[PDB]
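Here's the structure, in structure tokens; my notes come after.
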Amino acid sequence: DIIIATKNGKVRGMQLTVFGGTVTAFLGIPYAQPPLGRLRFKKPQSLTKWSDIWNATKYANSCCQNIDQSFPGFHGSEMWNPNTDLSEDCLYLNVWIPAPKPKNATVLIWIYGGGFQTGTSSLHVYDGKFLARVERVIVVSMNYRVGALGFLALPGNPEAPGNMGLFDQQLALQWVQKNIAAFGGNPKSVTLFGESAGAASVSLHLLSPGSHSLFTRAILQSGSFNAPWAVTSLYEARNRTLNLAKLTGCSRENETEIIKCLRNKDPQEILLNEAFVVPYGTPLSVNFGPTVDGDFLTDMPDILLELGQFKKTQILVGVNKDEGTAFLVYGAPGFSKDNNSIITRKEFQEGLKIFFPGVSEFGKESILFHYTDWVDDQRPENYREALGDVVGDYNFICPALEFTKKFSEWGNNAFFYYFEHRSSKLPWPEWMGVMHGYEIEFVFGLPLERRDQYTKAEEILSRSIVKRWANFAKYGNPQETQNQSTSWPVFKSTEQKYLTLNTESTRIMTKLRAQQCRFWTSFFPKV
Amino acid sequence: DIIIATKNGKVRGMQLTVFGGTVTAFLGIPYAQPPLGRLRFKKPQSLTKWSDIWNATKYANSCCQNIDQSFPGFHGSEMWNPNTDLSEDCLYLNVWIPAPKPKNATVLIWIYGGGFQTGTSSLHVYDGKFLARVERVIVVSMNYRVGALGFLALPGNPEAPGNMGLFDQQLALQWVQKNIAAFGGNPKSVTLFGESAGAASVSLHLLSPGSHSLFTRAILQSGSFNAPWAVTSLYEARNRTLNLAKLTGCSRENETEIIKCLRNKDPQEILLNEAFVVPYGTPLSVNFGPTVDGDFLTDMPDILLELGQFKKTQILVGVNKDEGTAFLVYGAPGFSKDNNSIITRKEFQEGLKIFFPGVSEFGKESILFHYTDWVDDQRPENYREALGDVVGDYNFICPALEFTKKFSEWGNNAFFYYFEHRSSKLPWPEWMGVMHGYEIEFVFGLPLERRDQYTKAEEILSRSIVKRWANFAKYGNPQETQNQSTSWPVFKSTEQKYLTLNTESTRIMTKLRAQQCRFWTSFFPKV
Amino acid sequence: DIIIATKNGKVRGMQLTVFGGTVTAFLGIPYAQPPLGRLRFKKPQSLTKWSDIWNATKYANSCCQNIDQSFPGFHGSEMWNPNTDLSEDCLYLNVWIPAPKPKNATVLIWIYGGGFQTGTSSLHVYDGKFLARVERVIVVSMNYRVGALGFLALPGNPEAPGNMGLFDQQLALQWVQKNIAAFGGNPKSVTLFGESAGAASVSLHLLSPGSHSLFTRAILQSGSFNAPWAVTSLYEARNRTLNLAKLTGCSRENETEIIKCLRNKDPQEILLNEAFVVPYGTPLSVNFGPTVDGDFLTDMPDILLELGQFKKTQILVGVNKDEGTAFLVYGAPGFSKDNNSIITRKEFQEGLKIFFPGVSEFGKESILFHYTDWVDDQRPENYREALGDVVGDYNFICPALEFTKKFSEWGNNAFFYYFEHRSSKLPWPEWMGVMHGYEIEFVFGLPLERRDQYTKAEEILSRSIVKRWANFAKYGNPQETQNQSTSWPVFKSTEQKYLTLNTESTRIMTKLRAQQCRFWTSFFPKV
Ligand SMILES: *[C@@H]1O[C@H](CO[C@H]2O[C@@H](C)[C@@H](O)[C@@H](O)[C@@H]2O)[C@@H](O[C@@H]2O[C@H](CO)[C@@H](O)[C@H](O)[C@H]2NC(C)=O)[C@H](O)[C@H]1NC(C)=O
Ligand SMILES: *[C@@H]1O[C@H](CO[C@H]2O[C@@H](C)[C@@H](O)[C@@H](O)[C@@H]2O)[C@@H](O[C@@H]2O[C@H](CO)[C@@H](O)[C@H](O)[C@H]2NC(C)=O)[C@H](O)[C@H]1NC(C)=O
Ligand SMILES: *[C@@H]1O[C@H](CO[C@H]2O[C@@H](C)[C@@H](O)[C@@H](O)[C@@H]2O)[C@@H](O[C@@H]2O[C@H](CO)[C@@H](O)[C@H](O)[C@H]2NC(C)=O)[C@H](O)[C@H]1NC(C)=O
Ligand SMILES: *[C@H]1O[C@H](CO[C@H]2O[C@@H](C)[C@@H](O)[C@@H](O)[C@@H]2O)[C@@H](O[C@@H]2O[C@H](CO)[C@@H](O)[C@H](O)[C@H]2NC(C)=O)[C@H](O)[C@H]1NC(C)=O
Ligand SMILES: *[C@H]1O[C@H](CO[C@H]2O[C@@H](C)[C@@H](O)[C@@H](O)[C@@H]2O)[C@@H](O[C@@H]2O[C@H](CO)[C@@H](O)[C@H](O)[C@H]2NC(C)=O)[C@H](O)[C@H]1NC(C)=O
Ligand SMILES: *[C@H]1O[C@H](CO[C@H]2O[C@@H](C)[C@@H](O)[C@@H](O)[C@@H]2O)[C@@H](O[C@@H]2O[C@H](CO)[C@@H](O)[C@H](O)[C@H]2NC(C)=O)[C@H](O)[C@H]1NC(C)=O
Ligand SMILES: *[C@@H]1O[C@H](CO)[C@@H](O)[C@H](O)[C@H]1NC(C)=O
Ligand SMILES: *[C@@H]1O[C@H](CO)[C@@H](O)[C@H](O)[C@H]1NC(C)=O
Ligand SMILES: *[C@@H]1O[C@H](CO)[C@@H](O)[C@H](O)[C@H]1NC(C)=O
Ligand SMILES: *[C@@H]1O[C@H](CO)[C@@H](O)[C@H](O)[C@H]1NC(C)=O
Ligand SMILES: *[C@@H]1O[C@H](CO)[C@@H](O)[C@H](O)[C@H]1NC(C)=O
Ligand SMILES: *[C@@H]1O[C@H](CO)[C@@H](O)[C@H](O)[C@H]1NC(C)=O
Ligand SMILES: *[C@@H]1O[C@H](CO)[C@@H](O)[C@H](O)[C@H]1NC(C)=O
Ligand SMILES: *[C@@H]1O[C@H](CO)[C@@H](O)[C@H](O)[C@H]1NC(C)=O
Ligand SMILES: *[C@@H]1O[C@H](CO)[C@@H](O)[C@H](O)[C@H]1NC(C)=O
Ligand SMILES: *[C@@H]1O[C@H](CO)[C@@H](O)[C@H](O)[C@H]1NC(C)=O
Ligand SMILES: *[C@@H]1O[C@H](CO)[C@@H](O)[C@H](O)[C@H]1NC(C)=O
Ligand SMILES: *[C@@H]1O[C@H](CO)[C@@H](O)[C@H](O)[C@H]1NC(C)=O
Ligand SMILES: [Cl-]
Ligand SMILES: [Cl-]
Ligand SMILES: [Cl-]
Ligand SMILES: [Cl-]
Ligand SMILES: [Cl-]
Ligand SMILES: [Cl-]
Ligand SMILES: [K+]
Ligand code: NA
Ligand code: NA
Ligand code: NA
């Protein structure tokens, strides 16, 4: 029986057997008042205290969200859907600690992605018990509000100020600062890690002055806030909140009255209307996301980044080889997960209209010009591959590389990786390659479980990544020092060294996607 | 009559006449609860306070340990045996201060070696009264638990957590921080110094976060924790504790019950079985030594060293010219202290099987290949010398040089020496050369006593070493500034300058044992 | 009526008219218990408090000292004799402040020289009213005990521990830290300045840990503690205290009894015997001076200097062109202030025996070899000039340059000057040139008084020196910025730039006395 006294009252955890050892899991500890009734769309309010023992022995409710129903019955998409009940009452977090209880362990805090519209901390691929067992770190993860309920903004109105889900994340970081030592953790050694919108969130904690003293360092897997889907302008945010009011019968002349009417709607009516607040969207649309609220975020984040106004610390950033392919089967014409998706030039063109809907004809022709000068045979897959690369370079890889360059120019060590291993169990088809999201299970150590039929080469790859990530959290340096491994060099402007992650051989390379990123970074923003 | 008020009560010392002056010695002050009954194998518990005056006028009990009986009646080995009664009640320390009492003197804290299995602070060659008299420093030394009683580990179980003897050392450092100012010492100027396992211990205090604020700088004579005998893996430590239980009738299903049964054994039954917890050992076997306990030591020490996770301060490190020869007469065939030990090739081969018992045939042939390409005459002593060098390079010299390189790469000044003077009184035979352990008496100033029949050249050598060591403790710089001495340069990666210590002429040289250390450091660990 | 409340009680000062303005002088404030009866030869004890107003309107008693009677009636020597009554009751200091009272003025604390045997703060040439008036700084000066009464040492015995007069200086610095703000001064901007033994004293405050927080920076005029007369070894100090006991009837077996008998002697009997505690002395003999006491001075000062163990701050150091000439008329044969002192080779030789009495024949021939290879005519004055240069290079100039090199190698800015102006009023004869002591009146601004018949060129020179010294105290940089002056460059090892001070033109030069100093610094100490 493991019972821990926190600042809000006692919590009871449970013992898990993991690889011949034990891990103690405390699943579903509350970290804020449930944001119901009058609290809907406000910043999270802090917890009052319980007398008695809170049983943290099962995952809590996931936050309200739309679900992906594009492939019912299919593991490749269903594994990202929420696996506990959906509820507005969803502000909880999970703690995994080594047994015996550690003395001052480094803490890894995971922030899930999902476009800021979806996601939950309870998915199988985010289970922190392997990292706790193998590296003797404490792993923490939280649920945070998503969609309009997390990110609706009428900027400057404290009834719906924006960024509520980022404030939920921040309050969970505060919870670790105040309580993690009772679990054996060191509040002075806390690394954030997250993937896609979870990575963009981590990068915004580097910018937010209220997060500055709540963590030590940061890991960004496939995402950063300069990615084109990550931050909503003030103008589109007010537009979208007003469209949402229109669609739900809540248009009013007084803005505080709009919010009060939105607070009377059942969650389902809000969720049903979210897709439509925008005149056209894409597979990557973030309808309700982070905004410049003058609170969490004090200025446009591209200005803060450019002028060095962010926490000075080490970062670990990287991307997967085929980031853009997952998105093509959610609307590009000619694509299917159930065939080889060979498309024509005309299809490629229609595909750019799907992913770049507000963009000029010239802008879309510029994309086609840059990506279709082929090397070289008339390969059938030319256009299929070009579209996946357009979408992955624009939305993920070039923005991660630009973020890492700009961050590292202010004097801190940064380490960049390119993940290029396709999981032997991947249920999506071969043409999609090394997809977005599919490094996560290697990071959390799932291939360390021999019972699961990953290959031996994947066990070794995951074991090495897990060690590099734990060394980065503990020591700021993501080396694997014992097994004659390739040394991971810092990423600097000028040389731009990165490390490739694969089952065969790790290589130091330079200037990832140089010619493509010059296009997206220096030309495309003009268009 | 000198009486000093400490935080635990009054202590009475005694006056010694040393070289026409006086030194005050306080021998045998307790610094912890005697670790008896239920405290056996636990961390040391702090002292409660005595009313009345503790008489610190004789050396205290040495900790329980096996004794070297290989050469009864022979000074060369008997001088390292304990010279006070053996007892589990042995947690005491000694303080030597100058008279008149100094104002804010620098403090040197000696940690004895002995493989972590043997040793005591009361040996003649560790008598701190000469350093106190000549350099006006305070010298402190402690007894710490050795063998299973100091280092038994069931890792993570606080009944036998491991590293107890390192925690004994640490508590004695805490005792100096809290009490040394009452003796005239400066707690902000404390240098640790130790030899062999005492040096490895000092290097682990550089790694341990709980020792960080307990000392200023460090001196490592013939030892460091990366030496192959210095740290036991978790796996061999549990194996050995379980073998010990088996041999004493204490095997149980519940681990806490194993410990409780071990607590009922008389010390002698424990000591008698220590040699046997391992299927074969060598003259250098450390059956119960430091382990990674998650407390004193938070991670494998090679990782901490490599990634710069250690106290940033100056170090003084060095080795003796013939470190490995002392060990050859404790089991290598053909060797004897009573003849010239000329051995054959076959003997050399059998000798590698004695010192490298778990090592593959290929591994042992690699040693022979590297050390027997002779320059050049068919000298009878070729194989005798090669074996002493194998054992001294592998176990002491290459690991001290690698430790000093890796430490100095993080920006701190380090100074390396090579001691090459053989004492004119050495009772071992000439072929053993400048043996392991035989710089100690020069460091503590024993040749300054003219009554003892060292030569005049040895008086001057010791006087110069004593001054360099005191200057290093006081000022971080081991110069002898007044007598046109060779200037001791910092040891850097790249140049690797070291200073030779001898009676004739001091030289600055570079890259000590370069070709040999490349073998032991970059190749042998693979084998 | 100006009355100031200090921590010990009220003091009343007096108003002076200086150059059409007013200065407030508080002359003779006590800063310690009078060191009489049982306090004779002990460290100064702090003051108890007076109720009522202490009238600080006249200079206090000078400390007991022998007087220079070599030239009665002659201003050149009499101006250095004490001008108030001699008394053991002499621990007082003087404060000059600008009117109106300043707000947070920089403070200059003057320490007089006199061989540690003589001197007083009340001499005309140390009158601080000109500096207070012209630069609006506060000037402070103290009387400190000299001769045996200041410096008798039985090292380690607190009845006569040594360095009492340095402790008197230190207690006066403490007095300024605690009280100077009530006078309008800034305790965080305090520069020490002193000449000859006053400069050596200032250099020892840079070494003493108890002085470290009592001042900001330092000015050394003609003196430093590495000069050969400045620090007495432990062995000659005990010898001299024992000779003093012998000559006064005070030899005893118990050392504390020797001191008690010395405490019963009238001061005059002590003063009468001081010349004789040494078997031969010279014009530069310091019979009772600073020693290594383990309190004020924790180690030999050459070791501390060499290994960088001193306060890190800026220094201003310099010497006069003919430092050694003043001493030649106090015993070298053939010399007289009343004729041109042309001497022969034989006289030069006898002269070296007067100044280097314990030195070998070889040592004295080495001096003659180095200084008599003439460039070149057979000039009658060759030997007269060579002797003045021997004495000035050995005792003042080479040691000031070595001190400045060694100090500046640890990273701080130092500025060196060579003063080469002979005062138009100098009462000594022309052949003595720019004598020791005769920059002082330029530093304190005496030529600013037009009524005194210095030349116009001397008024301008003094005005520029006064500005450079005040800028150094206030800003750490001794520039004169307004009058197209030569910029004073920092003195570095390697280039060794210094600034010449004269009425004609200021020059930047390099490597002052290079060939001579190599002789005194690297060869002579061996002899
Ligand atoms: C690969 O599949 C796509 C996707 O559409 C299909 O899914 C298939 C596996 C199959 O079940 C099919 O019936 C289903 O419609 C094909 O594109 C589609 O082609 C149809 C029929 O010609 C068009 O009229 C559709 O609009 C188009 N759908 C979309 C979403 O674009 C595609 O041709 C096929 N590609 C191959 C076989 O290479
Ligand atoms: C040097 O001595 C060794 C050690 O053994 C011996 O000690 C000697 C000084 C002597 O008292 C001797 O009787 C005693 O055994 C010699 O090696 C030994 O040689 C013996 C006899 O041949 C072998 O059978 C032994 O096993 C072997 N002992 C060991 C421990 O190896 C050695 O030959 C001798 N060397 C010389 C003289 O050069
Ligand atoms: C310069 O004077 C010295 C000093 O001695 C003298 O002072 C003179 C000004 C004068 O009053 C004289 O009578 C007085 O003695 C002379 O040296 C002295 O010379 C005398 C006489 O020859 C020697 O016997 C002395 O010992 C010697 N005195 C000392 C202290 O050395 C010196 O010769 C004279 N030099 C000149 C004129 O160039
Ligand atoms: C935000 O403001 C209007 C909102 O128009 C919308 O009405 C909402 C309630 C919702 O249903 C939404 O789908 C609908 O579009 C946007 O006006 C659109 O602009 C288009 C031309 O592109 C016109 O056809 C309509 O006015 C309207 N769209 C449709 C499909 O009817 C406006 O574009 C937007 N602001 C932005 C994008 O900055
Ligand atoms: C640790 O575990 C076993 C322990 O075996 C041992 O039993 C102990 C009580 C003790 O007496 C010890 O001397 C004995 O060895 C080790 O097994 C050994 O392996 C050898 C082969 O090398 C076999 O012969 C036996 O099982 C046993 N040795 C002997 C001499 O009988 C095991 O080697 C060890 N683990 C390690 C070294 O990692
Ligand atoms: C310190 O110790 C003795 C002290 O001798 C002295 O007796 C004193 C009371 C005093 O009067 C002093 O002038 C006298 O010298 C020194 O011994 C001297 O050494 C010389 C040889 O140089 C002998 O002639 C005598 O013993 C004595 N001098 C005289 C002139 O009579 C000793 O030199 C000294 N120690 C040092 C300098 O380190
Ligand atoms: C918490 O845990 C235990 C189950 O073992 C139970 O006794 C207690 O009532 C629980 N609280 C609940 C279910 O609310
Ligand atoms: C944990 O380590 C930190 C430094 O990272 C230290 O300040 C803190 O006090 C430690 N707490 C422990 C060991 O309980
Ligand atoms: C609008 O209504 C709110 C809600 O009660 C009220 O508090 C507010 O003062 C009104 N604001 C404006 C701008 O009319
Ligand atoms: C290093 O190698 C060992 C064995 O050679 C292996 O079992 C372990 O998984 C590796 N460790 C890491 C951190 O990759
Ligand atoms: C401590 O010292 C003195 C011996 O001189 C004695 O009077 C006192 O009893 C001693 N305490 C003991 C022996 O326990
Ligand atoms: C001893 O010196 C230290 C600096 O090393 C200082 O902080 C401390 O106060 C000193 N104590 C004394 C002289 O009593
Ligand atoms: C084993 O026995 C100990 C000793 O009393 C007891 O405290 C403990 O709870 C038991 N542990 C296990 C794992 O059975
Ligand atoms: C330096 O030399 C002196 C005498 O020349 C000698 O007596 C002393 O031992 C030496 N000191 C050191 C520190 O080696
Ligand atoms: C201090 O000063 C004034 C002189 O103007 C006087 O009234 C007072 O008595 C003096 N104290 C003395 C002389 O002790
Ligand atoms: C004097 O200036 C110092 C800095 O040199 C400052 O800390 C202090 O408070 C000042 N006091 C005043 C202006 O009264
Ligand atoms: C010598 O006499 C003093 C003076 O009273 C006394 O206090 C001291 O104890 C005695 N010291 C020695 C060493 O005899
Ligand atoms: C600078 O020059 C002026 C007039 O030209 C003069 O009166 C003053 O004395 C000079 N100041 C200094 C600080 O030398
Ligand atoms: Cl076209
Ligand atoms: Cl390149
Ligand atoms: Cl062979
Ligand atoms: Cl070299
Ligand atoms: Cl001659
Ligand atoms: Cl030059
Ligand atoms: K010479
Ligand atoms: Na479903
Ligand atoms: Na014995
Ligand atoms: Na007179």
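Heads up, residue numbers simply count up from 1 along the chain you see.
The way this entry was determined, per its header, is X-ray crystallography, 2.1 Å.
The backbone N, Cα and C atoms fix where each Cβ goes, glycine too.
Database features, via Swiss-Prot:
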type	residues	note
ACT_SITE	B:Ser196	active site, acyl-ester intermediate
ACT_SITE	B:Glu323	active site, charge relay system
ACT_SITE	B:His436	active site, charge relay system
BINDING	B:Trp80, B:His436	tacrine binding site
BINDING	B:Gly114, B:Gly115	substrate binding site
DISULFID	B:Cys63-B:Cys90	disulfide bond
DISULFID	B:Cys250-B:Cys261	disulfide bond
DISULFID	B:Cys398-B:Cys517	disulfide bond
CARBOHYD	B:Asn55	N-linked glycosylation site
CARBOHYD	B:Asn104	N-linked glycosylation site
CARBOHYD	B:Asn239	N-linked glycosylation site
CARBOHYD	B:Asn254	N-linked glycosylation site
CARBOHYD	B:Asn339	N-linked glycosylation site
CARBOHYD	B:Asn483	N-linked glycosylation site
MOD_RES	B:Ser196	phosphoserine
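For the recorded positions B:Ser196, B:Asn239, B:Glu323, a Cα-Cα cutoff of 10 angstroms around B:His436 (active site, charge relay system) retains B:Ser196, B:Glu323. Screening the recorded positions B:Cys90, B:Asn104, B:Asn239, B:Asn254, B:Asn339, B:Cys398 for a C-beta under 6 A from any atom of ligand 12 leaves B:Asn104.
Remark: B:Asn483 (N-linked glycosylation site) has B:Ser464 as non-local neighbours, by Cβ distance under 8 Å and separation of at least 6 in sequence. Local packing around the Cβ, expressed as the count of other Cβ atoms within 10 angstroms, is greatest for B:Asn104 among the glycosylation sites B:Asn55, B:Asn104. B:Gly115 (substrate binding site) has its Cα within 10 Å of the Cα of none of the recorded positions B:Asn239, B:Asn339, B:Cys398.
A straight line from the CA of B:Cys517 (disulfide bond) to the CA of the residue listed as 'active site, acyl-ester intermediate' spans 19 Å. Closest to B:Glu323 (active site, charge relay system) in space, going by CA atoms and restricting to the recorded positions B:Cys63, B:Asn239, B:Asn254, is B:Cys63. Note: B:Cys398 (disulfide bond) has non-local neighbours B:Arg513, B:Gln516, B:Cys517, B:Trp520, B:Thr521, i.e. same-chain residues 6+ apart with C-beta under 8 A of its own C-beta. The separation of B:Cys250 (disulfide bond) from B:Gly114 (substrate binding site), Cα to Cα, is 27 Å. With a cut-off of 8 Å between CB atoms and residues at least 6 apart in sequence, the same chain places B:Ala245, B:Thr248, B:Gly249, B:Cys250, B:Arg252 near B:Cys261 (disulfide bond), listed in sequence order. Secondary structure from DSSP puts the residue listed as 'active site, acyl-ester intermediate' in coil.
Comparing CA positions across the recorded positions B:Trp80, B:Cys90, B:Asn104, B:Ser196, B:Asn339, the one lying closest to B:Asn55 (N-linked glycosylation site) turns out to be B:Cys90. Reduced to three states, the DSSP call for B:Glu323 (active site, charge relay system) is coil. In this structure, the C-alpha atom of B:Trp80 (tacrine binding site) lies 17 angstrom from that of B:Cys90 (disulfide bond).
Cα distances from B:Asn239 (N-linked glycosylation site) to the recorded positions B:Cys90, B:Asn104, B:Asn254, B:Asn339 are smallest for B:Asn254. With a CB cut-off of under 6 A applied against ligand 13, the recorded positions B:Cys63, B:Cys90, B:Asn254, B:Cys398, B:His436 are reduced to B:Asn254.
Taken in sequence order, the recorded positions B:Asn104, B:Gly114, B:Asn254, B:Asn339, B:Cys398 that lie near ligand 4, meaning a CB under 6 Å from one of its atoms, form an empty set. B:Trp80 (tacrine binding site) is surrounded by 19 other CB atoms, counting those within 10 A of its CB over all protein chains shown.
Sequence-distant neighbours of B:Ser196 (active site, acyl-ester intermediate) (same chain, six or more apart, CB under 8 Å from its CB) are B:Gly113, B:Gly114, B:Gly115, B:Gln221, B:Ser222, B:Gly223, B:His436, B:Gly437, listed in sequence order.
B:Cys63 (disulfide bond) and B:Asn339 (N-linked glycosylation site) are 35 Å apart (CA-CA, integer value).
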